[PDB]
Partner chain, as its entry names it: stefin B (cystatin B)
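The form deposited without its partner chain is given below as one chain in structure tokens.
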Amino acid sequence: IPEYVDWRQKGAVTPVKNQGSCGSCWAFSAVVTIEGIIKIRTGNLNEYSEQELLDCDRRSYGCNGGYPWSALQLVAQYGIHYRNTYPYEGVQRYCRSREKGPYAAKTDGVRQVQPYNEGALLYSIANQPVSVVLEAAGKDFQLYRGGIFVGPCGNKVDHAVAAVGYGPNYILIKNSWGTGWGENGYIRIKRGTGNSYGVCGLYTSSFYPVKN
């Protein structure tokens, strides 16, 4: 795999979103991997509905948090609508997939990256954007304004984001806190420290959709 990967330069990443007060990061995370894999397989970049996952993933807890892998299984099992037809409201409502007509896209499954393995994650990122989790509650992460983030942070992961790239000394993360946070909405997190958790627990739980 190359020294540098940036799925934004291959046009597989849509604009940075803001999840708002809602703890819907798990849905935003899952969506950017869906947006990535559909662009990689069909050449078409579309935005898909975080709100639909928010409303429809019964295993997750809406704005109280949830599981990227459950959201990803939902899209594998049923499908997902365009963001335009099912826009983000920042509040869990009822599942309205059936009122929105046919699904815009479907995936074929979900795989977990082998946990606590930096190489395994990098290999997956070289293939497609990956849903990863990290500890975002620390003030240093929240006040991140740019550069390669090394912490401080622990491993109490609490926030789902998407890895969309990497370089020799970092992994490139799309956050869902709007374009004003970090590097126009992104954070580069140090890799290669030999801590098997990853910086801020980044290697704890990583998932990507499969599309044949």
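Numbering follows the first chain given and starts at 1.
FYI, the form solved in complex with its partner chain isn't displayed, but the following is about it.
Not one of 32, 110 and 164 comes within 4.5 Å of its partner chain in the deposited bound form, counting any heavy atom.
The closest heavy atom approach of residue 48 to its partner chain in the deposited bound form falls outside 4.5 Å.
In the deposited bound form, its partner chain lies farther than 4.5 Å from every heavy atom of residue 122. In the deposited bound form, its partner chain lies within 4.5 Å of some heavy atom of residue 25.
Remark: residue 177 counts among the residues lining its partner chain in the deposited bound form, judged by a heavy atom distance of 4.5 Å or less. Only one of 34-42, 48-56, 166-174, 153-161 places residue heavy atoms within 4.5 angstroms of its partner chain in the deposited bound form, namely 153-161. Of the candidates 76, 95, 137, 126, 137 is the one whose heavy atoms come within 4.5 Å of its partner chain in the deposited bound form; the others do not.
Contacts with its partner chain in the deposited bound form, taken as any heavy atom within 4.5 Å, map within 57-81 to 61, 63, 64, 65, 66, 67, 68, 69.
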